[PDB]
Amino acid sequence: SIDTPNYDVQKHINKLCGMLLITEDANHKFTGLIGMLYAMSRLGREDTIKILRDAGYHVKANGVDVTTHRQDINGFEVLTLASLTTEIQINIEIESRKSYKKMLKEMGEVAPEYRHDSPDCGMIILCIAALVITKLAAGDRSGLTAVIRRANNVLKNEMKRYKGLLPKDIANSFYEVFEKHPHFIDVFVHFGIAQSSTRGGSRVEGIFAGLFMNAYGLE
């Protein structure tokens, strides 16, 4: 049973990535999965199922819909995911709202590029996935330090924008997800090939394409 989000929930997943990125000392236990859910929503449900079936995996596709969940504590829009509980999703939102308020007080109005809903949030998470994927050939988690060294350089502007962009934690989460769910390696690679075809004004889409290509990695 694997969740296959369609284009309709891409904006939601993008915001979920952004919520983790704005969280001070964020718990990145689910970031690998969330990043992979974003990649799948970018491919769309049909192409995801096609990749999975063509790679030889048997897939029981779970539809992903947005539901309103009532849980009034000290007073939520969630996705129907077999892989991620309503509780986990709501706690990600709660913790980010706390980090948002700290940010709004400190500097007044939060600039677009420092928000949880910046269009490029999902791609910032996928940039770490691109680095881990490069090192995955090794067969172990040996390449994690090189992932941190490389991230700290290529994502310098993004780390400056997001307190929750913790390469060590995010890289560990992706290593975990690719080890635990190898079908995500196939999904990520097809996402990367499809993505690196697009050409736009987004700085992070450009950084991702360069990271995925890894022309300097082979050389």
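For every residue, the number given is its place in the sequence shown, counted from 1. Superpose the two forms; the largest set of C-alphas matching within 1.5 Å is the rigid core.
Rigid core fits of the other structures in 5 other deposited structures of this protein place the C-alpha atoms of one stretch farther away on average; of 100-108 and 84-92, that stretch is 100-108. Stretch 141-149 is the one, of 141-149 and 122-130, whose CA positions lie farther from the shown form in 5 other deposited structures of this protein once all structures are superposed by the rigid core. The modelled chain is continuous from residue 108 to residue 109, with every intervening residue of the deposited sequence accounted for. Set 28-36 against 159-167 and average the Cα temperature factors; 159-167 ends up higher. Legend: mean Cα B-factor per stretch from the PDB entry, 204-212 versus 7-15; the higher mean is in 7-15. Taking the PDB entry at face value, the top CA B factor among 47, 186, 54, 65 belongs to 65.
Out of 80, 134, 118, 83, it is 80 whose C-alpha atom has the highest B-factor in the PDB entry. Among the modelled residues of its chain, residue 143 has a C-alpha B-factor that falls in the middle third according to the deposited record. Residue 58 sits in the highest third of its chain by CA B factor, as recorded in the PDB entry. Among the modelled residues of its chain, residue 75 has a C-alpha B-factor that falls in the highest third according to the deposited record.
In this PDB entry, the Cα temperature factor of residue 69 sits in the top third of its chain's modelled residues, the highest group.
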